[PDB]
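Let's start with one chain on its own, the form deposited in one PDB entry, as structure tokens.
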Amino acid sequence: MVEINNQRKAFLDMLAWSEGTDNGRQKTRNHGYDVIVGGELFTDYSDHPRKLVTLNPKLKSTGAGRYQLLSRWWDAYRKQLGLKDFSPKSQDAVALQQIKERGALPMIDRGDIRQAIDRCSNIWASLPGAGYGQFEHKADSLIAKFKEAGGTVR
């Protein structure tokens, strides 16, 4: 399993905030860990809710959990990591594993958050990529949230 440390935890909190699952606005009984794309909540943590939500006549998504994990990616990782449920710890595990695969861990650990965000933009829709126009602006908000979660930026 990818180890959790203060920098990584702060990154996961920034991410939960960015994705809108744990931002003090969206309703939740457990820090966004029970949020289904669209805003509904689930209570059974034995598996991904797998509820297909139509966000509009031309947009569907199965994102669920604190990091809005798609069901197809959940299946891949649950098998790969040997996870027995979709509990908060399992959700953190998958997110960290995806961050690991993108080579972002060293960046997070050392405080190069702007780079970590860019590297992870291909996984999470709320994160901007560096070539996009609004990056500098969005990264400031993200960096601020990262800092208040206790992370240290370089």
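Only residues modelled in both forms are compared. A residue's number is simply how far along the shown sequence it sits, counting from 1. Just so we're on the same page, rigid core means the largest C-alpha set that superposes within 1.5 Å between forms.
As the entry records it, the average C-alpha temperature factor is higher for 141-149, out of 10-18 and 141-149. For the pair 46-54 and 85-93, the mean Cα B-factor is higher in 46-54.
Within the selection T62, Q98, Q115, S126, the deposited Cα B-factor values reach their highest point at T62.
In the PDB entry, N122 places in the middle third of its chain by CA B-factor. Split the chain's modelled residues into thirds by C-alpha temperature factor. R110 is in the highest one.
Sort the chain's modelled residues by C-alpha temperature factor and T28 lands in the middle third, per the entry.
Unshown form deposited in another entry; subsequent notes refer to it.
Annotation: Cα of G24 displaced by less than 2 Å between the shown form and the other one, core superposition.
Compared with the form shown, the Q115-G131 C-alpha separation increases in the other entry, the change being 3 Å or greater.
Relative to this form, in the other entry the C-alpha atoms of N122 and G131 approach one another by 3 angstroms or more.
Once both forms are overlaid on their core, the sole residue range between the shown form and the other one with Cα shifts reaching 2 Å in three or more consecutive positions is 130-137.
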